[PDB]
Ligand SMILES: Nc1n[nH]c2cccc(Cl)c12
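Next up: just one chain, as structure tokens, the form deposited without 4-chloranyl-1~{H}-indazol-3-amine.
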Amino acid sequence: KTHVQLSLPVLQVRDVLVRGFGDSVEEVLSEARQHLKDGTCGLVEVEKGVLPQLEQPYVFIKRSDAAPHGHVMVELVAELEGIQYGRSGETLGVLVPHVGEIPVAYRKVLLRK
């Protein structure tokens, strides 16, 4: 399928144990897609002071359209030293590996895969 319904655990930035997916734009987008497929991906909501506590390159989920079955349609955009790789809508948050952290909420998304 071109799109997959996922429910992403929303993590507090200070709880996150693994603060990024890797060391290159291509690797972080690759790893993010793998963890999303494997159900091992969490979401951190971006506010003041969140991104400097996470590791670059960043992987964002961004709204790709204006929400089947409660699932907002999203796509992946990476960022490294202020340059983004992709073009999409509003940021829903930054993806990180999930290694068993307790979430504060779940974000239902429809991921363009």
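Residues carry their position along the shown sequence, with the first being 1.
Note that the form deposited with 4-chloranyl-1~{H}-indazol-3-amine bound isn't included here; everything after this is about it.
At least one heavy atom of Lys113 is located within 4.5 Å of 4-chloranyl-1~{H}-indazol-3-amine in the deposited complex. Proximity of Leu36 to 4-chloranyl-1~{H}-indazol-3-amine in the deposited complex: non-hydrogen atoms within 4.5 Å are present. In the deposited complex, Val4, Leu6 are the residues of 1-21 with at least one heavy atom within 4.5 Å of 4-chloranyl-1~{H}-indazol-3-amine, listed from first to last.
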